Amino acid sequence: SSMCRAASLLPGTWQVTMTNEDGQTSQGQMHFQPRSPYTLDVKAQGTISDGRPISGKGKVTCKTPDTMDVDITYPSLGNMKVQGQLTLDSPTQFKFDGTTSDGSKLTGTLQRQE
């Protein structure tokens, strides 16, 4: 129950795969918990270059019925930010297009993890 369909379908865990402009990729998990009928809290978990786990936290906000605004901060990575947009493709898949605080153009896929 939320004020936009994407926020209604987002709660839970998603397997996330990311690609930047230079072809580098990454993978991890993103967890969404309801914060308000317009917003959810997002927690991103991942691993860098064969070892150190890295996490970030932020919020996603209703943008359109099927799109959300994305604002995440990664304190363990110099407090760098990831801003973007989540697009509802199916109840089991979201699409991400955004940027980092350094200027990296990122695209990603969120696959529903039960």
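Residue indices: 1-based, along the sequence shown.
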Comparing 25 to 33 with 45 to 53, the one whose average Cα B-factor in the PDB entry is higher: 45 to 53
Higher-B stretch (mean Cα B-factor, as the entry records it), 6 to 14 or 102 to 110: 102 to 110
Chain third (lowest, middle, highest) by recorded CA B-factor, residue given as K63: lowest
Cα B factor band for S90 (lowest, middle or highest third within the chain): middle
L40 - Cα temperature factor, lowest/middle/highest third of chain: lowest
